[PDB]
Amino acid sequence: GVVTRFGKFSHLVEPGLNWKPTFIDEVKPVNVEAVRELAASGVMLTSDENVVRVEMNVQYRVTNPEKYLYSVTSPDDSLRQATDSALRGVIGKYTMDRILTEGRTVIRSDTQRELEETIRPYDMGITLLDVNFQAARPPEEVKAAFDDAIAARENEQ
Amino acid sequence: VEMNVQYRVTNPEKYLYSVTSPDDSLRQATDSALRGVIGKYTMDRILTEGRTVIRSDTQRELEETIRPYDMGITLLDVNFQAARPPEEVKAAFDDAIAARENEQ
Amino acid sequence: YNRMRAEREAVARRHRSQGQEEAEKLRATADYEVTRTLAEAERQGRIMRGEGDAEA
Amino acid sequence: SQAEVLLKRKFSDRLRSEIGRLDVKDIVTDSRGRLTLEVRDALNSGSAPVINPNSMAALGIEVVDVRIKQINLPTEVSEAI
């Protein structure tokens, strides 16, 4: 709980049964010990003018509500915009072929590190827990040929 | 072409008793300045290179246009917004790029 | 607008025409190599036939 | 509402000017937020202790950061790729 004076914040109450003078101060609780989720996807552009359908999942948590509540408006939404910029910027550096097989491990690391650097000035109370890359499948328009390329190997054999 | 002009005002003795409808009069003056300057530069330049030298010239030219007037309006910033080509010719502009891809 | 539109179309035609020109050239050389390789094999086969005919 | 509009107009001009002098390759490979920093630098400090009137410092605004979420492409240009 976050006990707060009419306009001003008063003090942080710990779990249990507390008392607040009715009509004078109000409490606003926040969950700070429970994993959250923020899935960010989009049709990003690679470094070789190729298109790749990448999707990512960002599991995070929050911290002391003084920062989370009074740092930026809509902290969940604002973080999502930062995540998109990081993912596109990161994807923008590597080529399509790399991102599909090799980039899987580094892309999450770079996007996670960039996302943290992007939200350092904000001072928000959001803490990044893990960035687990989900998929980097190619565009559906070219997927047909990508499947044929594998079928061609079997046809060759 | 589309442009945005951010400005402020000053001592009302000029703004109020110099010219009728100063905001509208400034808009008409802006069109004459914008039309004149654009006429000097070519299409290709204005879209990519001319953009920075234009916001400098149009801002400077617009100021010179209102110097004799003596109005109390003060120019704050001249921030160019858009230079998209005519919608009728946009079709061909994209096809030229597609041809390169088709060539490959 | 038509004047500028016509000029832009020329660039598109130039790029597309250039690609077709290059593609045709590659196909031309490809056919030559196929014929050349096939001709060499046919030449070798004729040699074998003469030896067999000579042996018989 | 008024503040967001003003920032948008200035951002457009600075961004358009930069992209005009840059190539598509130079816009997709940028990994250090150079253009965003330059645009942010320009918005924070303009041209002319003097506070440039086209700067966000002349107003009570400070652009803490500038980022591009997703650089998509036209429908026709993407279909040819």
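Per the PDB record, this model was obtained through cryo-EM at a reported resolution of 4.4 Å.

S.K.: Hey, could you run me through the overall build of chain D in this one?
M.R.: Helix and strand counts for chain D stand at four helices and zero strands. Secondary structure elements in chain D, listed N-terminal to C-terminal, are α-α-α-α. In terms of overall size, chain D is more extended than a compact globule, its C-alpha atoms giving a radius of gyration of 15 Å where 81 residues would be expected to give roughly 12 Å. For chain D, the C-alpha atoms occupy an extent of roughly 50 × 25 × 20 Å along the three principal directions. Out of the 81 residues in chain D, the part that is buried amounts to 32%. Accessible surface for chain D amounts to roughly 5,000 Å². Of this, 54% is attributable to carbon and sulfur atoms. Across chain D, the mean location of the 12 positive side-chain charges is 3 Å away from that of the 12 negative side-chain charges.

S.K.: Can you walk me through the sheet that holds strand β4 (residues 38–45) of chain A in this structure?
M.R.: Residues and elements named next belong to chain A. One open sheet accounts for three strands, arranged β4-β5-β6; its pairing is antiparallel. The open sheet is flanked by β4 and β6 (127–135), the only strands paired with a single partner. On average, each strand axis in the sheet is tilted by 25° relative to the strand beside it, whichever way the strands run. Here strand β5 (residues 51–61) pairs with β6 via seven bridges, running antiparallel. Within β6, the position partnered with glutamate 55 by the bridge is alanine 135. In this fold helix α2 (residues 75–93) packs onto β4 and β5, with an angle of close to 35° to the strand it touches most, β4.

S.K.: Which parts of the structure should I look at to understand the sheet that holds strand β2 (residues 9–12) of chain A?
M.R.: Residue and element names in this part refer to chain A. With antiparallel pairing, the three strands of this open sheet are ordered in space as β2-β1-β3. Each of the sheet's edge strands pairs with one partner strand only, and the pair in question is β2 and β3 (26–27). Bridge count between strand β1 (residues 2–4) and β2: three bridges; the pairing is antiparallel. By the bridge assignment for β2, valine 2 is matched with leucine 12.

S.K.: I would appreciate a short explanation of the interface of chain C and chain B in the present structure.
M.R.: By a widely used convention, the size of an interface equals the accessible area lost when the partners come together. Contact with chain C, which involves eleven residues of that partner, is made by 13 residues of chain B. Of the roughly 1,100 Å² buried at the junction of chain C and chain B (both faces included), carbon and sulfur atoms supply 66%. For chain C, the biggest contributors to the area lost against chain B are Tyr1, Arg8 and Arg16 of chain C; these three give 50% of the whole. Along the contact surface separating chain C from chain B lie zero salt bridges. Our count for the contact surface shared by chain C and chain B stands at three residue pairs in polar contact. Tallied by class, residues from the side of chain C that touches chain B come to four nonpolar, three polar and four charged.

S.K.: It is not clear to me how the packing of helix α4 (residues 50–65) of chain B against helix α1 (residues 2–21) of chain D should be interpreted in this structure. Could you clarify?
M.R.: In a packed pair of helices, the relevant descriptors are the angle between the two axes and the axis-to-axis distance. Where α4 of chain B meets α1 of chain D, the closest approach of the two axes is 8 Å, and the angle between their N-to-C directions is 140°. One element, α4 of chain B, and the other, α1 of chain D, form an angle in the oblique class. Contact with α4 of chain B, carried on its side by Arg51, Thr52 and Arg55 of chain B, involves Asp13, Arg14, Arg16, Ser17, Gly20 and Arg21 of chain D of α1 of chain D and no other residues of that element.

S.K.: Sorry if this is basic, but what is going on with the packing of aromatic side chains here?
M.R.: Any pair of aromatic rings gets described here by the distance separating the centres and the angle formed by the planes. Under the counting rule described, the total for this entry stands at zero aromatic pairs over all chains. When the ring centre of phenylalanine 93 of chain B is taken as reference, the NZ or CZ atom of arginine 8 of chain C above it lies at 4.1 Å.

S.K.: Help me understand the interface of chain B and chain D in this model?
M.R.: In this assembly, 20 residues from chain B lie in contact with 18 residues from chain D. The junction of chain B with chain D conceals about 1,700 Å² of combined surface from both sides, 48% of it contributed by carbon and sulfur atoms. Here chain B is connected to chain D by two salt bridges. Here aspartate 77 of chain B ties to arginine 14 of chain D by a salt bridge, and the two come within 3.8 Å at their closest N and O atoms.

S.K.: Which parts of the structure should I look at to understand the pattern of salt bridges?
M.R.: Here the idea is simple: oppositely charged side chains can pair when their charged atoms come close. Under the criterion given, the structure shown has 22 salt bridges over all chains. Note that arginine 40 of chain D and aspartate 65 of chain D form a salt bridge whose closest N and O atoms lie 2.9 Å from each other. Residue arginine 40 of chain D is classed as buried on the basis of its relative accessible area, which comes to 17%. A network of salt bridges, in which partner residues are shared, links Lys93, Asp110 and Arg113 of chain A.

S.K.: Would you explain helix α2 (residues 22–40) of chain B in this entry?
M.R.: Each α-helix winds once per 3.6 residues, and so residues spaced three or four apart point in a common direction. All names here are of chain B. In a regular helix each residue adds 1.5 Å, so 19 residues correspond to 27 Å; α2 covers 27 Å between its end C-alpha atoms and thus fits that length. Buried residues of α2: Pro22, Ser25, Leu26, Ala29, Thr30, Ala33 and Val37, and no others. One face of α2 carries all of its buried residues, which in axial projection span an arc of 140°. Turned more than 90 degrees off the buried face of α2, the exposed positions are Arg35 and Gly39. On its buried side, α2 packs onto α1 (12–17) and α4.

S.K.: Please clarify how a nonpolar patch on the surface should be interpreted in this entry.
M.R.: A cluster of nonpolar side chains, contributed by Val9, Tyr15, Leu16 and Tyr17 of chain B, occupies part of the molecular surface with about 410 Å² of accessible area. As for its placement among the helices and strands, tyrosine 15 of chain B is situated in helix α1.

S.K.: Any chance you could explain the nonpolar core here in plain terms?
M.R.: Membership of the largest hydrophobic core comes to 25 residues, with the highest contact counts inside it found for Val54, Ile91 and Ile107 of chain A. When residues of this core are traced back to their parent elements, those giving at least two are β4, β5, α2, α3 (96–101), α4 (103–118) and β6 of chain A. What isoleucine 107 of chain A contacts, discounting residues up to four positions off in sequence, is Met56, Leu87, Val90, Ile91, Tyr94, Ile99 and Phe133 of chain A. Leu26, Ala33, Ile66 and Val78 of chain B belong to the second largest nonpolar core, which has eight residues in total.

Reading the values: rules and limits
- Residues numbered from 1 in each chain as written, not as in the entry; some residues may be left out.
- Chains lettered and ligands numbered in written order.
- Part of a larger assembly, values for the part shown.
- Heavy atoms only, no water.
- Helix = DSSP H or I, 4+ residues; strand = E, 2+ residues; numbered from the N terminus.
- Rg over C-alpha atoms; globule rule 2.2 N^0.38 Å.
- Buried < 20%, exposed > 50% of the residue type's maximum accessible area, 1.4 Å probe, protein only.
- Areas by Shrake-Rupley, 256 points an atom, 1.4 Å probe, with all protein chains shown as cover.
- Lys, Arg positive; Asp, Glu negative; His and termini not counted.
- Charge placed at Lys NZ, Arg CZ, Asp CG, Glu CD.
- Pairing = 2+ DSSP bridges.
- Axes fitted to C-alpha atoms, helices over the stretch in contact; angles between N-to-C directions.
- Contact = heavy atoms within 4.5 Å.
- Buried area = accessible area lost by both parts, 1.4 Å probe.
- Salt bridge = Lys/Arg side-chain N within 4 Å of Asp/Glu carboxyl O.
- Polar contact = N/O pair within 3.5 Å; in protein donor to acceptor, adjacent residues only side chain to side chain.
- Nonpolar A, V, L, I, M, F, W, Y, C, P; charged D, E, K, R; others polar.
- Parallel < 35°, antiparallel > 145°, perpendicular 65-115°, else oblique.
- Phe/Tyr/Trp six-rings, centres within 6.5 Å; stacked < 30°, edge-to-face > 60°.
- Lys NZ or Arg CZ within 6 Å of the ring centre and 35° of its normal.
- Expected span 1.5 Å × (residues − 1).
- Arc of directions from axis to C-beta.
- Patch = residues over 30% accessible without salt bridge, like charges linked within 9 Å, V, L, I, M, F, W, Y side chains within 5 Å.
- Core = buried A, V, L, I, M, F, W, Y, C linked by side-chain atoms within 4.5 Å.

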